[PDB]
Amino acid sequence: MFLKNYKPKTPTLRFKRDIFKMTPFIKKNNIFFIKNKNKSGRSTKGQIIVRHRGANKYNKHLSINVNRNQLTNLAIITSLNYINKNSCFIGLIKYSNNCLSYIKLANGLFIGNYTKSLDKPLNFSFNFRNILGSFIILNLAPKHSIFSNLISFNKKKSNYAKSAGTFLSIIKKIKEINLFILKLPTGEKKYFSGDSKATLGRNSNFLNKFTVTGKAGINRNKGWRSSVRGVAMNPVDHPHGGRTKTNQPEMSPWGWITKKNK
Amino acid sequence: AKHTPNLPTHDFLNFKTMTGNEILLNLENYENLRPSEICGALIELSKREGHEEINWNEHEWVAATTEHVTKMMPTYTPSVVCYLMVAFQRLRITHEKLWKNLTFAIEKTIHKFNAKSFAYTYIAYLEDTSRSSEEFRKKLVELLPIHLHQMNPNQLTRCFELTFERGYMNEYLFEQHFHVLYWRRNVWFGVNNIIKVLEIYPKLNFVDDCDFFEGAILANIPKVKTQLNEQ
Amino acid sequence: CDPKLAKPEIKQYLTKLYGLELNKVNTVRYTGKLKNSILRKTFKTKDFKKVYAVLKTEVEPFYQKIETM
Amino acid sequence: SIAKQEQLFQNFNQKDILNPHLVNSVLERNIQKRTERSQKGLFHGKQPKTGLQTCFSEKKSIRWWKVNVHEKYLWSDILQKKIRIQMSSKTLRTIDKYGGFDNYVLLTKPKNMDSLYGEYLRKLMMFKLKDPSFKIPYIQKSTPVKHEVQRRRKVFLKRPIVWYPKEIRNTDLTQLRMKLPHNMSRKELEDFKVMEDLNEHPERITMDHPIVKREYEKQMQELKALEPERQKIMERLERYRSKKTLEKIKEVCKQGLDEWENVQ
Amino acid sequence: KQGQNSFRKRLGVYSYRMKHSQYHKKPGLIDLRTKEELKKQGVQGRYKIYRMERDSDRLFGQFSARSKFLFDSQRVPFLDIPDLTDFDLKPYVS
RNA sequence: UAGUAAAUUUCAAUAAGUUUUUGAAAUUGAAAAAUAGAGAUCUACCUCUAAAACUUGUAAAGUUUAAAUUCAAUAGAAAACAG
RNA sequence: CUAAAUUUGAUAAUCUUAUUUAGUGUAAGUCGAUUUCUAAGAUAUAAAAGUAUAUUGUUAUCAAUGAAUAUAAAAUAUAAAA
RNA sequence: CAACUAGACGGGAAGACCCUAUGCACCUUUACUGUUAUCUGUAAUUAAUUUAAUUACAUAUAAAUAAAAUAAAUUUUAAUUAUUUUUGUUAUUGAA
Ligand SMILES: [Mg+2]
Ligand SMILES: [Mg+2]
Ligand SMILES: [Mg+2]
Ligand SMILES: [Mg+2]
Ligand SMILES: [Mg+2]
Ligand SMILES: [Mg+2]
Ligand SMILES: [Mg+2]
Ligand SMILES: [Mg+2]
Ligand SMILES: [Mg+2]
Ligand SMILES: [Mg+2]
Ligand SMILES: [Mg+2]
Ligand SMILES: [Mg+2]
Ligand SMILES: [Mg+2]
Ligand SMILES: [Mg+2]
Ligand SMILES: [Mg+2]
Ligand SMILES: [Mg+2]
Ligand SMILES: [Mg+2]
Ligand SMILES: [Mg+2]
Ligand SMILES: [Mg+2]
Ligand SMILES: [Mg+2]
Ligand SMILES: [Mg+2]
Ligand SMILES: [Mg+2]
Ligand SMILES: [Mg+2]
Ligand SMILES: [Mg+2]
Ligand SMILES: [Mg+2]
Ligand SMILES: [Mg+2]
Ligand SMILES: [Mg+2]
Ligand SMILES: [Mg+2]
Ligand SMILES: [Mg+2]
Ligand SMILES: [Mg+2]
Ligand SMILES: [Mg+2]
Ligand SMILES: [Mg+2]
Ligand SMILES: [Mg+2]
Ligand SMILES: [Mg+2]
Ligand SMILES: [Mg+2]
Ligand SMILES: [Mg+2]
C-alpha cells in the first residue's frame with residue numbers, strides 16, 4: 001500500500017511512482033470472477049460513441065457487498081485484491097459461519113484485522129472495540145465520523161464517495177426529524193436520513209494522488225487510447241481545423257462551447 | 001398464404017384451451033408425453049367444470065398415469081414436483097407410493113423452490129396429517145421464514161392458519177415474523193384476509209399492549225373500501 | 001447402390017433375398033464427375049455409392065475382378 | 001363487412017380468439033392508409049399528415065402535423081380487467097357521450113373506430129355476454145412487459161453475492177441480518193431502549209444483567225471460531241521472506257489509524 | 001477444363017467433401033441442395049431446417065450428449081421378403 | 001348518415017401565387033324540412049339541392065396460336081439454342 | 001494413378017499438375033467431425049414496446065478460432081476433478 | 001549489317017502552368033435566402049378547495065414488503081412512509 005520511487009535506470013522510470021499492488025497477498029478465486037466483453041466506447045451496432053477508449057489488459061469484475069446488512073457476525077480478512085477503474089483495494093471477509101465475500105476496505109486496514117456490521121450502539125461490540133471499516137447506521141455513530149460508501153434509506157445501491165480516498169464529512173445532526181446534512185467531495189450539501197447506512201473511514205489508496213504513470217503504455221493497457229488535437233485535424237473533421245491554430249470561440253466537434261466565462 | 005403467425009419451434013402441447021374431454025384422450029398416451037406436458041394436463045382438469053363429482057382414483061388412465069409417475073418421479077426436475085402436488089391435491093388423490101416418492105423428491109429439491117412454490121407444499125402437507133410424517137413437517141416450519149416475507153397475501157393467511165390448528169406455532173414465529181407483518185403491513189393483506197386474522201388473535205392468548213387494533217387496522221380500513229362487498 | 005441407402009438396410013436386403021452369410025459390410029460414397037459432350041457443353045454425371053461386402057465363405061474371382069487379359 | 005378490419009376477425013371462433021400467436025398475426029399487420037399505431041390504439045379515424053411550411057421569401061419544406069395521444073389505463077366492467085389504451089382527444093370527447101368505455105367498444109361502427117384492437121376487444125365482449133362461462137385469462141397487448149434488469153447486467157447475476165457453505169445455505173439466517181426498528185419485534189424494541197439508555201451510563205453495564213449476559217456469551221463464541229483462521233494468517237506473514245515490504249506497509253496502515261483516532 | 005468455371009459456381013456445394021471438416025451439420029438427414037438454399041433464406045430457413053431434422057425418417061436412433069450414438073433397430077425400415085424356394089413361377093411367360 | 005354538418009389559425013388538392021368551396025391536424029361543437037348548406041369573402045332578396053351504402057367483368061407481365069405492320073445474319077432481340 | 005492420342009504447353013516432345021478421350025481409386029463400433037456445452041456475433045423470429053412503413057430483438061434456432069469424452073444406456077439432486 | 005543519337009518543332013495522356021465558360025466540385029465566413037438542434041408565452045392532456053400552496057388522479061423504484069405474459073399453479077395484485085416524475089408529448093406565437 002506504499003509508493004515506489006524507482007531509480008532512473010530508464011527514461012520512464014525516472015519520474016514513475018506506483019503502488020505496491022500486493023500480489024503475494026492476493027489469493028485469486030473463481031467464485032466472484034467474471035471477464036466480460038471489453039466495450040471499446042461502442043454500442044451494440046459497432047459505432048463509436050465515446051472516443052479515446054480501447055483494449056484493457058486489466059479487465060475483470062469482482063462482485064462486492066456494498067450493502068452488508070444481511071449479516072452481523074464478526075469477521076476477519078484473509079486476503080486482498082485490486083480494482084483498476086477506481087484504483088481501490090478490497091479484501092475477503094470470512095464470517096464465523098465460514099461464509100465469504102469481498103468488501104470495500106478503508107485506509108488503515110490489512111490482513112489480520114477484524115470487521116463486522118453493527119445494528120446496535122457501540123458499547124455492545126465487545127468484540128471489535130476498534131470500529132474502523134465497519135457497516136453501521138448513521139444515527140448509531142459518534143459525533144465526529146466520516147462515511148465512505150453511503151446507502152440511503154430510499155435506495156438499494158450506493159451512489160456517493162465510492163472512489164479512492166473520499167469521504168462524507170458531517171455538518172449537522174438533527175435527531176428530531178432524523179435528517180443529516182452531509183458534505184460531498186466537491187463541497188455541496190445533501191439531506192440524508194439517519195436510518196440510512198454507510199461504512200466508516202476513507203476508502204483505500206489515499207495515495208493515488210501521489211502517482212506518476214511515466215509511460216504511455218500504462219494507460220494503453222487500461223483502455224485509454226490516444227487523444228488527438230482538434231487543430232492538427234482538417235477543417236472537415238473539426239471546426240478548428242485549418243492552418244491557423246487560433247480560434248474564436250473554442251469549441252467541441254459536435255458543436256457547443258467548452259470554455260465558458262471565457 | 002401471407003401473414004402467418006410466426007409461431008415458435010417447440011412441439012409442446014397447449015391444453016389451456018382444450019375441453020376437459022379432449023385432455024383425457026391425450027392422457028391415454030402417457031408413456032410418451034413429456035413430464036412438463038402432464039403437469040399442464042392434470043392441473044387444468046381442476047379448472048374444468050365437473051371435477052368434484054368424480055373420483056379420479058378409479059379412472060383408468062389417471063390411475064396408470066400415477067403409476068408412471070411413481071417410477072419416474074426422482075428423474076424429474078425440481079419445478080415439476082410442485083406442479084404435480086397441486087394437481088393431485090386439487091384432484092383428491094390418495095396413493096401411498098405417490099406421497100412417499102414426492103417427499104423424498106422434495107427433501108432433495110427443497111433448496112431450489114421459489115417462495116410461491118414453497119407455499120403449495122406447506123399447505124398440501126399440513127392440510128392433511130396423513131400425507132407424511134411429522135418430522136418432515138417440522139422441517140418445513142424450520143424453513144418457513146426464509147420464504148414467508150416474500151409470498152402473496154392470500155398465500156400467508158393460509159399458511160398462518162395451518163400453523164395454529166395443527167399446533168406447531170411458537171412465540172418465535174409469532175412475535176418475530178407473523179405479528180410484525182400484520183402490525184406494520186396491515187391492509188396490504190386485504191379485507192378477505194383480515195377477517196381470518198381477527199378470529200385467531202383472540203384464540204391466541206394475546207395481550208394488546210400494542211395499540212394496533214385501533215391504530216393499525218381499524219384506523220386504516222377506510223383507506224380500502226373498493227374491496228368491500230355485501231358479504 | 002443408390003447413395004440414399006444405409007448399411008443396416010443393405011444388410012437385411014441381402015440376407016433376406018440372396019440369403020448369404022456376412023461378417024462385415026463397408027460403404028464408400030463417390031460423386032459423379034464432370035465431363036464434356038461432343039458439342040462441348042458440360043454435363044454432370046450421377047453420384048453413386050460402393051459397397052465392399054465381406055463374407056464368411058469363399059468367392060471365385062469371376063465376380064471379384066475381370067478375367068485375366 | 002365493408003370495413004377491412006372486420007373481415008379479418010370475422011370468421012374467428014370462441015376458441016380461436018384465445019390463440020395469442022394467431023391474434024398477433026392480425027394486430028401486427030399493415031393496413032392501406034391507416035398507421036401501425038392507430039390499430040394498436042383507438043384513434044377515432046385520425047391520422048397524421050404532411051404539408052409545406054412557408055417562409056418570408058416563400059420557400060417551402062416538408063412539415064409534419066401529428067395527433068394528440070393520451071396513454072391511459074381503463075377498466076372494463078364486463079371483462080374485469082385493466083387495459084392500456086392510446087387514444088386521441090376525440091375519444092374522450094365521445095366516451096363521455098356514449099357513457100363509459102365498454103359502450104364505445106360495443107356500440108360504435110368499425111368504420112368510425114378504425115382500430116383492430118378496438119374490434120378484438122369488441123368480440124371478447126360479446127362472447128362474454130353470449131356465454132358468461134367464458135374464461136379470458138389474459139387480454140392481448142393489454143399491458144407492457146417489465147424486466148428485472150438491463151441487458152448489460154445479465155452476466156453479473158451468474159456469480160454469487162455471499163457464498164454460504166452447504167450446511168447453512170438453506171437455514172433460517174434471519175435473526176442475523178441488521179435490524180431496523182420497523183422490522184424488529186416487540187421484545188427487541190423494549191431491549192433497544194434499554195440498550196439506548198445504558199450507552200449514556202456505561203457504569204451501569206455489568207454481566208449481572210440479562211442482556212449483557214446474553215450478548216457477551218454470543219460474541220465471544222464468534223471470536224473463538226476465528227482464531228484458527230487467525231493462526232493460519234500470522235504463519236503466512238511469518239514464513240514470508242521479505243520484511244522490509246512488511247515494515248513498509250505498517251508505516252502506511254498506521255497513518256490511517258492515526259487519522260481515525262484524531263478526527264477533526 | 002474449358003467451360004467448367006461458370007458451371008461450377010452454379011452447382012455451388014454438390015457434395016459433402018468440399019468445405020472444412022467441421023462444416024456439414026447433420027448431413028444425411030436432408031439433401032444438401034435443399035439445405036444450402038434455405039440458409040440463404042435467412043431466418044425461417046433455419047427454423048424450417050430444424051423442423052425437418054426433428055421429423056426425419058433417416059435418423060435411425062437418437063443422439064447423445066457424448067460422441068457416442070444410440071442405435072434403435074425399430075426406427076429401421078422393415079422388409080417383408082419371403083422365401084422363394086419351391087417357387088415355380090418365373091419372370092417370363094411362355 | 002351526432003361528436004356528424006359547420007366554424008377559427010395553417011396546409012393540401014380545386015386553372016388561379018388570393019378572398020371562396022371540398023377535406024385533413026389542433027381546438028370548439030347546432031338545429032329539426034317552419035330546419036340546414038352552396039352560389040369566389042360580408043348583407044338582403046330569390047333559385048337550386050338534401051350532407052347513407054352498393055354497381056361498368058377483359059387491367060398487368062409471361063407462354064402459345066392466327067392475322068396484319070416489318071428485318072433477312074455488322075439487320076432483327078442482348079441471344080437463328082444464349083442471358 | 002493407369003491406358004491411348006497430339007490440337008494455343010514462350011523451343012521441340014515418344015513426356016504430362018498445357019490440352020483432348022476413357023477407365024480405376026478414398027472401406028471405420030472407436031480416430032477426425034456430426035452430437036452436448038458455451039464466447040464475439042447473426043436473426044422477415046416468441047412475448048411486449050416504439051412509430052410516418054422513418055425501428056428494436058434479454059426467447060428460440062444458427063454460430064470455434066475454445067473445454068471433456070469411448071465402451072453398457074438415459075435422467076434429477078450434490079460435490080470434486082479435467 | 002554492327003554502332004551512335006545531332007534533326008524529323010521525334011513517340012507516349014484531345015499533356016503541366018496561364019485565360020475564358022453566365023461549367024463543376026469541396027471547403028470557409030460578420031455574403032443572400034433558409035432548415036434543424038435549442039429557448040419561450042397561451043391552449044389541450046387537466047380536477048377541487050383555500051390564501052401561490054395543499055389535496056385529488058396518475059407512473060415507477062426502494063424499504064426482508066403480491067405480480068403478470070411468453071406451453072406447464074383461475075378473480076382490478078389500488079395500505080402506509082420517503083423520493084422521483086408533466087425540466088413531458090401534440091397544435092400554436094415569436095426568437096434562434
Ligand atoms: Mg459516429
Ligand atoms: Mg477522453
Ligand atoms: Mg493531444
Ligand atoms: Mg494538417
Ligand atoms: Mg461536413
Ligand atoms: Mg466546419
Ligand atoms: Mg504561421
Ligand atoms: Mg465411411
Ligand atoms: Mg410478434
Ligand atoms: Mg407515448
Ligand atoms: Mg479442405
Ligand atoms: Mg469421435
Ligand atoms: Mg393552393
Ligand atoms: Mg396544375
Ligand atoms: Mg375552410
Ligand atoms: Mg367538413
Ligand atoms: Mg358542405
Ligand atoms: Mg357562402
Ligand atoms: Mg355571388
Ligand atoms: Mg361510396
Ligand atoms: Mg451475308
Ligand atoms: Mg457475320
Ligand atoms: Mg445478332
Ligand atoms: Mg506410363
Ligand atoms: Mg510446341
Ligand atoms: Mg509413339
Ligand atoms: Mg506440364
Ligand atoms: Mg502425375
Ligand atoms: Mg457448433
Ligand atoms: Mg474446435
Ligand atoms: Mg542508344
Ligand atoms: Mg513529342
Ligand atoms: Mg459571358
Ligand atoms: Mg400459464
Ligand atoms: Mg411545455
Ligand atoms: Mg411547439
# chains A, B, ... in the order shown; residues from 1 in each chain; ligands from 1
call {"tool": "residues_near_ligand", "arguments": {"ligand": "ligand 14", "cutoff": "12 Å", "atoms": "only C-alpha atoms (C1' of nucleotides) and all ligand atoms", "output": "JSON, numbers by chain"}}
result
{"F": [13, 14, 15, 16]}
call {"tool": "write_last_selection", "arguments": {"atoms": "N, CA and C atoms (P, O5', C5', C4', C3', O3' and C1' of nucleotides)", "output": "PDB file, in the first residue's frame"}}
result
ATOM      1  P     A F  13     -50.992  20.945 -53.645  1.00  0.00           P
ATOM      2  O5'   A F  13     -52.312  20.597 -54.452  1.00  0.00           O
ATOM      3  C5'   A F  13     -52.468  19.312 -55.026  1.00  0.00           C
ATOM      4  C4'   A F  13     -53.909  18.872 -55.051  1.00  0.00           C
ATOM      5  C3'   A F  13     -54.818  19.558 -56.052  1.00  0.00           C
ATOM      6  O3'   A F  13     -54.660  19.102 -57.383  1.00  0.00           O
ATOM      7  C1'   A F  13     -55.905  19.426 -53.981  1.00  0.00           C
ATOM      8  P     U F  14     -55.165  20.021 -58.600  1.00  0.00           P
ATOM      9  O5'   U F  14     -56.630  20.470 -58.176  1.00  0.00           O
ATOM     10  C5'   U F  14     -57.351  21.414 -58.952  1.00  0.00           C
ATOM     11  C4'   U F  14     -58.743  21.625 -58.415  1.00  0.00           C
ATOM     12  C3'   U F  14     -59.509  22.820 -58.964  1.00  0.00           C
ATOM     13  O3'   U F  14     -60.115  22.591 -60.226  1.00  0.00           O
ATOM     14  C1'   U F  14     -59.682  22.792 -56.616  1.00  0.00           C
ATOM     15  P     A F  15     -60.589  23.833 -61.134  1.00  0.00           P
ATOM     16  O5'   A F  15     -59.235  24.544 -61.563  1.00  0.00           O
ATOM     17  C5'   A F  15     -58.178  23.786 -62.120  1.00  0.00           C
ATOM     18  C4'   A F  15     -57.065  24.664 -62.621  1.00  0.00           C
ATOM     19  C3'   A F  15     -56.547  25.696 -61.634  1.00  0.00           C
ATOM     20  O3'   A F  15     -55.601  25.163 -60.728  1.00  0.00           O
ATOM     21  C1'   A F  15     -56.945  26.728 -63.712  1.00  0.00           C
ATOM     22  P     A F  16     -55.718  25.500 -59.165  1.00  0.00           P
ATOM     23  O5'   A F  16     -55.327  27.035 -59.074  1.00  0.00           O
ATOM     24  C5'   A F  16     -54.112  27.495 -59.628  1.00  0.00           C
ATOM     25  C4'   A F  16     -54.079  28.995 -59.733  1.00  0.00           C
ATOM     26  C3'   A F  16     -54.253  29.747 -58.428  1.00  0.00           C
ATOM     27  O3'   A F  16     -53.018  29.902 -57.756  1.00  0.00           O
ATOM     28  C1'   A F  16     -55.579  30.727 -60.155  1.00  0.00           C
TER      29        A F  16
END
call {"tool": "closest_atom_pairs", "arguments": {"of": "chain E", "to": "chain B", "cutoff": "9 Å", "atoms": "only C-alpha atoms", "output": "tab-separated table"}}
result
residue	atom	partner	partner_atom	distance
E:47	CA	B:9	CA	7.1
E:50	CA	B:9	CA	8.3
E:51	CA	B:9	CA	7.5
call {"tool": "residues_around", "arguments": {"residues": "range 55-63 of chain A", "least_positions_apart": "2", "cutoff": "9 Å", "atoms": "only C-alpha atoms (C1' of nucleotides)", "output": "list in words"}}
result
residues 32, 33, 34, 35, 36, 37, 38, 39, 40, 53, 65, 83, 84, 101, 102, 103, 219, 220, 221, 222, 223, 224 and 225 of chain A; 156, 159, 160 and 161 of chain D
call {"tool": "residues_near_ligand", "arguments": {"ligand": "ligand 15", "cutoff": "10 Å", "atoms": "only C-alpha atoms (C1' of nucleotides) and all ligand atoms", "output": "ChimeraX atom specification"}}
result
/F:7-8,20-23
call {"tool": "select_by_dssp", "arguments": {"residues": "chain C", "states": "alpha helix (DSSP H)", "output": "list in words"}}
result
residues 7, 8, 9, 10, 11, 12, 13, 14, 15, 16, 17, 61, 62, 63 and 64 of chain C
call {"tool": "residues_around", "arguments": {"residues": "residue 43 in chain G", "least_positions_apart": "5", "cutoff": "10 Å", "atoms": "only C-alpha atoms (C1' of nucleotides)", "output": "MDAnalysis selection string"}}
result
(chainID E and resid 42:44 46) or (chainID G and resid 57 61:62)
call {"tool": "residues_near_ligand", "arguments": {"ligand": "ligand 2", "cutoff": "7 Å", "atoms": "only C-alpha atoms (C1' of nucleotides) and all ligand atoms", "output": "PyMOL selection string"}}
result
chain A and resi 51-52+227
call {"tool": "atom_distance", "arguments": {"atom1": "CA of residue 180 in chain B", "atom2": "CA of residue 184 in chain D"}}
result
7.2 Å
call {"tool": "residues_near_ligand", "arguments": {"ligand": "ligand 34", "cutoff": "10 Å", "atoms": "only C-alpha atoms (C1' of nucleotides) and all ligand atoms", "output": "PDB file with N, CA and C atoms (P, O5', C5', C4', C3', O3' and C1' of nucleotides), in the first residue's frame"}}
result
ATOM      1  N   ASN B  14     -50.437 -27.242 -25.867  1.00  0.00           N
ATOM      2  CA  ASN B  14     -51.175 -26.260 -25.079  1.00  0.00           C
ATOM      3  C   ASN B  14     -52.549 -26.852 -24.816  1.00  0.00           C
ATOM      4  N   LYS B  16     -54.399 -25.524 -22.497  1.00  0.00           N
ATOM      5  CA  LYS B  16     -55.086 -24.458 -21.778  1.00  0.00           C
ATOM      6  C   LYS B  16     -56.427 -24.075 -22.385  1.00  0.00           C
ATOM      7  N   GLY B  40     -49.379 -29.756 -17.239  1.00  0.00           N
ATOM      8  CA  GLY B  40     -50.379 -28.890 -17.817  1.00  0.00           C
ATOM      9  C   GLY B  40     -51.679 -29.569 -18.139  1.00  0.00           C
TER      10      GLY B  40
ATOM     11  N   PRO D 137     -58.283 -15.483 -19.508  1.00  0.00           N
ATOM     12  CA  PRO D 137     -57.221 -15.285 -18.517  1.00  0.00           C
ATOM     13  C   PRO D 137     -56.349 -14.086 -18.804  1.00  0.00           C
ATOM     14  N   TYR D 138     -56.072 -13.807 -20.073  1.00  0.00           N
ATOM     15  CA  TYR D 138     -55.162 -12.734 -20.437  1.00  0.00           C
ATOM     16  C   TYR D 138     -55.639 -12.045 -21.697  1.00  0.00           C
TER      17      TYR D 138
ATOM     18  P     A H  68     -46.635 -14.277 -11.164  1.00  0.00           P
ATOM     19  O5'   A H  68     -47.401 -13.677 -12.419  1.00  0.00           O
ATOM     20  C5'   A H  68     -48.804 -13.504 -12.377  1.00  0.00           C
ATOM     21  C4'   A H  68     -49.310 -12.725 -13.566  1.00  0.00           C
ATOM     22  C3'   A H  68     -48.960 -13.291 -14.934  1.00  0.00           C
ATOM     23  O3'   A H  68     -49.808 -14.355 -15.331  1.00  0.00           O
ATOM     24  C1'   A H  68     -48.484 -10.987 -14.902  1.00  0.00           C
ATOM     25  P     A H  69     -49.203 -15.610 -16.129  1.00  0.00           P
ATOM     26  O5'   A H  69     -48.809 -15.005 -17.541  1.00  0.00           O
ATOM     27  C5'   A H  69     -49.808 -14.394 -18.330  1.00  0.00           C
ATOM     28  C4'   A H  69     -49.266 -13.809 -19.609  1.00  0.00           C
ATOM     29  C3'   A H  69     -48.412 -14.715 -20.476  1.00  0.00           C
ATOM     30  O3'   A H  69     -49.165 -15.635 -21.247  1.00  0.00           O
ATOM     31  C1'   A H  69     -47.381 -12.612 -20.297  1.00  0.00           C
ATOM     32  P     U H  70     -48.722 -17.176 -21.311  1.00  0.00           P
ATOM     33  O5'   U H  70     -47.377 -17.142 -22.157  1.00  0.00           O
ATOM     34  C5'   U H  70     -47.423 -17.086 -23.572  1.00  0.00           C
ATOM     35  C4'   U H  70     -46.078 -16.745 -24.158  1.00  0.00           C
ATOM     36  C3'   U H  70     -45.009 -17.823 -24.109  1.00  0.00           C
ATOM     37  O3'   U H  70     -45.142 -18.793 -25.132  1.00  0.00           O
ATOM     38  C1'   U H  70     -44.093 -15.764 -23.414  1.00  0.00           C
ATOM     39  P     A H  71     -44.318 -20.168 -25.043  1.00  0.00           P
ATOM     40  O5'   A H  71     -45.205 -21.062 -24.080  1.00  0.00           O
ATOM     41  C5'   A H  71     -46.611 -20.904 -24.086  1.00  0.00           C
ATOM     42  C4'   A H  71     -47.312 -22.145 -23.603  1.00  0.00           C
ATOM     43  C3'   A H  71     -47.225 -22.455 -22.120  1.00  0.00           C
ATOM     44  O3'   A H  71     -48.126 -21.704 -21.331  1.00  0.00           O
ATOM     45  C1'   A H  71     -46.776 -24.404 -23.343  1.00  0.00           C
ATOM     46  P     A H  72     -47.763 -21.349 -19.810  1.00  0.00           P
ATOM     47  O5'   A H  72     -47.620 -22.768 -19.118  1.00  0.00           O
ATOM     48  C5'   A H  72     -48.758 -23.570 -18.884  1.00  0.00           C
ATOM     49  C4'   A H  72     -48.450 -24.720 -17.968  1.00  0.00           C
ATOM     50  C3'   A H  72     -47.805 -24.341 -16.650  1.00  0.00           C
ATOM     51  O3'   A H  72     -48.737 -23.903 -15.683  1.00  0.00           O
ATOM     52  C1'   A H  72     -46.613 -26.125 -17.611  1.00  0.00           C
ATOM     53  P     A H  73     -48.625 -22.424 -15.070  1.00  0.00           P
ATOM     54  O5'   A H  73     -49.483 -22.501 -13.737  1.00  0.00           O
ATOM     55  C5'   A H  73     -50.790 -23.046 -13.755  1.00  0.00           C
ATOM     56  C4'   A H  73     -51.351 -23.176 -12.366  1.00  0.00           C
ATOM     57  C3'   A H  73     -51.680 -21.861 -11.684  1.00  0.00           C
ATOM     58  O3'   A H  73     -52.965 -21.379 -12.007  1.00  0.00           O
ATOM     59  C1'   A H  73     -50.358 -23.170 -10.245  1.00  0.00           C
TER      60        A H  73
END
call {"tool": "residues_near_ligand", "arguments": {"ligand": "ligand 1", "cutoff": "8 Å", "atoms": "only C-alpha atoms (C1' of nucleotides) and all ligand atoms", "output": "ChimeraX atom specification"}}
result
/A:47-49
call {"tool": "residues_near_ligand", "arguments": {"ligand": "ligand 22", "cutoff": "12 Å", "atoms": "only C-alpha atoms (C1' of nucleotides) and all ligand atoms", "output": "list in words"}}
result
residues 73, 74 and 75 of chain F
call {"tool": "residues_near_ligand", "arguments": {"ligand": "ligand 6", "cutoff": "9 Å", "atoms": "only C-alpha atoms (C1' of nucleotides) and all ligand atoms", "output": "NGL selection string"}}
result
(:A and (235-241)) or (:H and (27-28))
call {"tool": "atom_distance", "arguments": {"atom1": "CA of residue 66 in chain B", "atom2": "CA of residue 133 in chain B"}}
result
21.4 Å
call {"tool": "residues_near_ligand", "arguments": {"ligand": "ligand 29", "cutoff": "9 Å", "atoms": "only C-alpha atoms (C1' of nucleotides) and all ligand atoms", "output": "PyMOL selection string"}}
result
(chain E and resi 22-23+25) or (chain G and resi 62-64)
call {"tool": "closest_atom_pairs", "arguments": {"of": "chain F", "to": "ligand 18", "cutoff": "10 Å", "atoms": "only C-alpha atoms (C1' of nucleotides) and all ligand atoms", "output": "tab-separated table"}}
result
residue	atom	partner	partner_atom_place_in_ligand_line	distance
F:20	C1'	ligand 18	1 (Mg)	7.4
F:21	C1'	ligand 18	1 (Mg)	8.2
F:37	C1'	ligand 18	1 (Mg)	8.6
F:38	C1'	ligand 18	1 (Mg)	6.4
F:39	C1'	ligand 18	1 (Mg)	7.3
F:40	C1'	ligand 18	1 (Mg)	9.0
F:41	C1'	ligand 18	1 (Mg)	8.3
F:42	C1'	ligand 18	1 (Mg)	9.9
call {"tool": "residues_near_ligand", "arguments": {"ligand": "ligand 25", "cutoff": "12 Å", "atoms": "only C-alpha atoms (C1' of nucleotides) and all ligand atoms", "output": "list in words"}}
result
residues 6, 7, 8, 9, 10, 11, 12, 13, 18 and 19 of chain G
call {"tool": "residues_around", "arguments": {"residues": "residue 98 in chain A", "least_positions_apart": "5", "cutoff": "10 Å", "atoms": "only C-alpha atoms (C1' of nucleotides)", "output": "JSON, numbers by chain"}}
result
{"A": [75, 93], "D": [163, 164, 165, 168, 225, 226, 229]}
call {"tool": "write_last_selection", "arguments": {"atoms": "C-alpha atoms", "output": "mmCIF file, in the first residue's frame"}}
result
data_model
loop_
_atom_site.group_PDB
_atom_site.id
_atom_site.type_symbol
_atom_site.label_atom_id
_atom_site.label_comp_id
_atom_site.auth_asym_id
_atom_site.auth_seq_id
_atom_site.Cartn_x
_atom_site.Cartn_y
_atom_site.Cartn_z
ATOM 1 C CA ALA A 75 -15.255 -11.328 10.634
ATOM 2 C CA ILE A 93 -14.044 -11.411 4.676
ATOM 3 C CA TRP D 163 -21.272 -17.728 -0.722
ATOM 4 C CA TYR D 164 -22.840 -19.818 2.011
ATOM 5 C CA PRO D 165 -21.429 -23.292 2.762
ATOM 6 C CA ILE D 168 -26.079 -23.266 6.050
ATOM 7 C CA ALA D 225 -14.384 -19.612 15.870
ATOM 8 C CA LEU D 226 -11.907 -17.325 14.070
ATOM 9 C CA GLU D 229 -8.166 -18.747 10.666
#
call {"tool": "residues_near_ligand", "arguments": {"ligand": "ligand 7", "cutoff": "9 Å", "atoms": "only C-alpha atoms (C1' of nucleotides) and all ligand atoms", "output": "MDAnalysis selection string"}}
result
chainID A and resid 243:245
call {"tool": "residues_around", "arguments": {"residues": "residue 185 in chain D", "least_positions_apart": "5", "cutoff": "9 Å", "atoms": "only C-alpha atoms (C1' of nucleotides)", "output": "PyMOL selection string"}}
result
chain B and resi 175-177+179-180
call {"tool": "write_last_selection", "arguments": {"atoms": "N, CA, C and O atoms", "output": "PDB file, in the first residue's frame"}}
result
ATOM      1  N   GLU B 175     -44.007 -13.654  17.226  1.00  0.00           N
ATOM      2  CA  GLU B 175     -43.557 -12.323  17.602  1.00  0.00           C
ATOM      3  C   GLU B 175     -42.521 -11.774  16.640  1.00  0.00           C
ATOM      4  O   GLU B 175     -42.476 -10.560  16.417  1.00  0.00           O
ATOM      5  N   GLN B 176     -41.686 -12.634  16.067  1.00  0.00           N
ATOM      6  CA  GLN B 176     -40.668 -12.159  15.139  1.00  0.00           C
ATOM      7  C   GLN B 176     -41.245 -11.912  13.754  1.00  0.00           C
ATOM      8  O   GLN B 176     -41.154 -10.804  13.217  1.00  0.00           O
ATOM      9  N   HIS B 177     -41.848 -12.941  13.165  1.00  0.00           N
ATOM     10  CA  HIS B 177     -42.204 -12.925  11.755  1.00  0.00           C
ATOM     11  C   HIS B 177     -43.645 -12.492  11.507  1.00  0.00           C
ATOM     12  O   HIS B 177     -43.880 -11.477  10.849  1.00  0.00           O
ATOM     13  N   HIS B 179     -46.464 -11.432  13.472  1.00  0.00           N
ATOM     14  CA  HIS B 179     -47.112 -10.269  14.063  1.00  0.00           C
ATOM     15  C   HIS B 179     -46.523  -8.969  13.558  1.00  0.00           C
ATOM     16  O   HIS B 179     -47.208  -7.940  13.547  1.00  0.00           O
ATOM     17  N   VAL B 180     -45.266  -8.984  13.133  1.00  0.00           N
ATOM     18  CA  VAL B 180     -44.678  -7.773  12.594  1.00  0.00           C
ATOM     19  C   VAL B 180     -45.380  -7.388  11.304  1.00  0.00           C
ATOM     20  O   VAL B 180     -45.607  -6.203  11.031  1.00  0.00           O
TER      21      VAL B 180
END
call {"tool": "closest_residue", "arguments": {"among": "G:56, G:65, G:71, G:51", "to": "chain A", "atoms": "only C-alpha atoms (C1' of nucleotides)"}}
result
G:56
